[PDB]
Amino acid sequence: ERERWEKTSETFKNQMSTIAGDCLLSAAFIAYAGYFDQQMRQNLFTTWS
Amino acid sequence: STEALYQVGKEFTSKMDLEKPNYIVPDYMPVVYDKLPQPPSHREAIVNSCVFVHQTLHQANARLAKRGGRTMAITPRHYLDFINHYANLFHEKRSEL
């Protein structure tokens, strides 16, 4: 199990800076993409990315 | 307006810790809010991205209406819902992590 935990620590240090953009994209998707179909949801997500 | 959306995003975002000293400003820097403070920090960039997302929904309504499909209006309530979701997801994911 420490073979996984040790690399999980460096992944923690990696997404410590990356949480903000992922949360921004997720919040935009949840708040806005509800009405549209799959293609328009993907288009909106691609534009935001 | 874009300015009003910018102040709403800044005031709602300022309550959560998001400042990072190691940010690299892009040369192009696609601006949505005019008279944005140049060079911008991380908070200015994310609020610019938020108002861009709102205006992207506003433009997608027109794109769908050109085709002729059903459209629903995006509102300041939509923007506040989005910013609330951003704050909640940010706090929850940082605490869990």
Side-chain angles (χ1 to χ4, degrees), chain A, chain B residues 1-27 29-34 36-37 39-64 71-97:
Chain A
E1 285 96 9
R2 70 180 292 168
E3 267 191 328
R4 302 185 302 167
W5 297 344
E6 197 159 26
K7 72 175 189 287
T8 314
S9 62
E10 285 101 13
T11 63
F12 168 79
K13 205 157 186 179
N14 278 24
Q15 66 255 7
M16 186 68 190
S17 305
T18 308
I19 277 298
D22 283 305
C23 284
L24 170 66
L25 295 181
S26 287
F29 191 83
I30 292 315
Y32 288 124
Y35 182 69
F36 311 95
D37 48 1
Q38 176 184 3
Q39 176 178 357
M40 188 90 254
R41 286 180 191 191
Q42 190 57 47
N43 289 11
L44 286 162
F45 209 67
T46 313
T47 308
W48 303 333
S49 297
Chain B
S1 55
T2 312
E3 177 205 348
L5 293 176
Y6 193 86
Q7 281 104 26
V8 163
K10 276 290 296 297
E11 182 66 27
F12 211 97
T13 289
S14 289
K15 76 179 181 64
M16 65 183 179
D17 174 44
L18 189 148
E19 302 105 319
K20 45 182 288 185
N22 192 2
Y23 172 66
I24 295 169
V25 184
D27 48 342
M29 188 65 205
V31 291
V32 191
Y33 167 56
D34 290 6
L36 192 149
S41 66
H42 208 56
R43 172 135 69 248
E44 287 81 2
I46 69 148
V47 178
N48 198 69
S49 297
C50 289
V51 309
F52 180 81
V53 168
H54 192 89
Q55 296 191 187
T56 311
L57 267 298
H58 201 196
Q59 200 156 33
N61 288 319
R63 188 69 49 80
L64 277 173
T71 55
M72 303 292 145
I74 283 90
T75 47
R77 283 206 79 175
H78 280 82
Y79 187 70
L80 270 295
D81 192 359
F82 158 58
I83 301 303
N84 279 282
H85 275 141
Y86 188 29
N88 292 338
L89 277 171
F90 198 65
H91 181 282
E92 166 195 324
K93 296 295 182 183
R94 291 178 66 89
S95 76
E96 182 67 25
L97 184 143

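Chain letters run A, B, ... following the sequence lines, proteins first, then strands; residues in each count from 1. Side chains are part of it too, since the values below use all heavy atoms of this structure and drop only hydrogens, waters and symmetry mates.
Annotation: side-chain hydrogen bond (donor to acceptor under 3.5 Å, both in side chains) contacts involving residues 16-31 of chain A, sequence neighbours excluded, are absent.
Scored by the ring pair (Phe, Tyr, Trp, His ring centres under 6.0 Å) test, B/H58 finds no partners at all (sequence neighbours excluded). Residues passing the salt bridge (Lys or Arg N to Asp or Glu O under 4.0 Å) test with B/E96: none are found, sequence neighbours excluded.
Between A/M40 and B/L64 there is a side-chain heavy-atom pair separated by less than 4.5 Å. Between B/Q59 and B/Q55, the closest side-chain pair of non-hydrogen atoms is not below 4.5 Å. No side-chain heavy atom of B/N48 sits under 4.5 Å from any side-chain heavy atom of B/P40. By the 4.5 Å heavy-atom criterion applied to side chains, B/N61 and B/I74 are counted as neighbours. Residues A/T47 and B/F52 have side chains in contact (heavy-atom distance under 4.5 Å, counting atoms from C-beta outward). Taking 4.5 Å as the limit, every side-chain heavy atom of A/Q42 sits out of range of all side-chain heavy atoms of A/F36.
Put simply, the side chain of B/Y79 never gets that close to the backbone of B/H54: no donor and acceptor are under 3.5 Å apart.
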Side-chain donor-acceptor distances from residues 12-22 of chain B under 3.5 Å, at least two apart:
residue	atom	partner	partner atom	Å
B/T13	OG1	B/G9	O	3.0
B/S14	OG	B/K10	O	2.7
B/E19	OE2	B/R43	NH2	3.1

Contacts table for residues 80-95 of chain B: side-chain donor-acceptor under 3.5 angstrom, sequence neighbours left out:
residue	atom	partner	partner atom	Å
B/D81	OD1	B/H85	ND1	3.2
B/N84	ND2	B/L80	O	2.6
B/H85	ND1	B/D81	O	3.3
B/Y86	OH	A/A20	O	3.2
B/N88	ND2	B/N84	O	3.2
B/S95	OG	B/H91	O	3.4
B/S95	OG	B/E92	O	3.0

Show me, pair by pair, the donor-acceptor contacts under 3.5 angstrom made by side chains of residues 9-16 of chain A, not counting sequence neighbours?
residue	atom	partner	partner atom	Å
A/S9	OG	A/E6	O	2.3
A/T11	OG1	A/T8	O	2.5

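Each of B/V51, B/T56, B/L5, B/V53 was compared with B/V32 under the side chain to side chain contact (heavy atoms under 4.5 Å, CB included) criterion, and only B/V51 meets it.
A distance of 7.5 Å separates OH in B/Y23 from NE2 in B/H42, rounded to the nearest 0.5 Å.
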